[PDB]
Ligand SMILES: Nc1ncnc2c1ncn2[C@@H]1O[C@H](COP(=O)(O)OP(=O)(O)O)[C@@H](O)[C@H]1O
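Only one chain is included here, represented as structure tokens and corresponding to the form solved without ligand ADP.
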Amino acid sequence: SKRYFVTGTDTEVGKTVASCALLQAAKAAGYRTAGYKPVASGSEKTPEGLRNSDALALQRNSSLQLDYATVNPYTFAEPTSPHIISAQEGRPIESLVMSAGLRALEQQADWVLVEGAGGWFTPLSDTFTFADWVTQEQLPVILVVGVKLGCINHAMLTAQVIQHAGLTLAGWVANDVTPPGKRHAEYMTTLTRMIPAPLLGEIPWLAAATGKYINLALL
């Protein structure tokens, strides 16, 4: 299976918007697809248990019909860092369960997209971050950049840290998080020049069918 990890420059950069656009393009290219969000915090109660909305978006954008717990093994109600609510609830986030879940998807999908929680360095326990699991699984990384003031600095910090860990930065996606503003073209040029990986596409500001904005031929 092709496998990719999607991370964002900041919270609220629209990372799941770009993940669904990636999933839609892969399905159009003929892949049997699966989204995976091993850890999620900020979930709703339903008759069947807690359901996180980003995870639900990945489930309905996968081309395989998949059960919710296959898409998202660890679901926490409170929208805070996973290591805080894991400790609070007495439910350890185990690396082996996170890896077993990815293997289970690879039985049935040949293009798997893995979305983390938060940014690169989100703690999962007091001695373990999301970055440690991604390095361990040796996943190529796709960076989602919300285009706004301050994103050049965040895109550059994240890009140097992934490369320092010896991982491949497979590409980046620009997500227009605000209406058109004055320095949009100059920001897109600086980001293109400075991020050492291909721009896969730009999703316009929309307050669903977004696969067309992604060029999967560059991945």
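Just count from 1 along the sequence shown to find any residue number.
One more form of this protein should be noted, the form solved in complex with ligand ADP, which is absent from this view; the next part is about it.
- Ligand ADP in the entry with it bound is approached by residue 206, whose closest heavy atom lies within 4.5 angstroms of it.
- Taking the partner from elsewhere, residue 211 is found to have every heavy atom lying beyond 4.5 Å of ligand ADP in the entry with it bound.
- In the entry with it bound, ligand ADP sits within 4.5 Å of a heavy atom belonging to residue 13.
- Contact check for residue 197: every heavy atom lies farther than 4.5 Å from ligand ADP in the entry with it bound.
- For ligand ADP in the entry with it bound, the listed stretch (23-31, 158-166, 175-183, 63-71) containing residues with heavy atoms inside 4.5 Å is 175-183.
- Annotation for 28-66: the only interface residue with ligand ADP in the entry with it bound is 54 [heavy atom within 4.5 Å].
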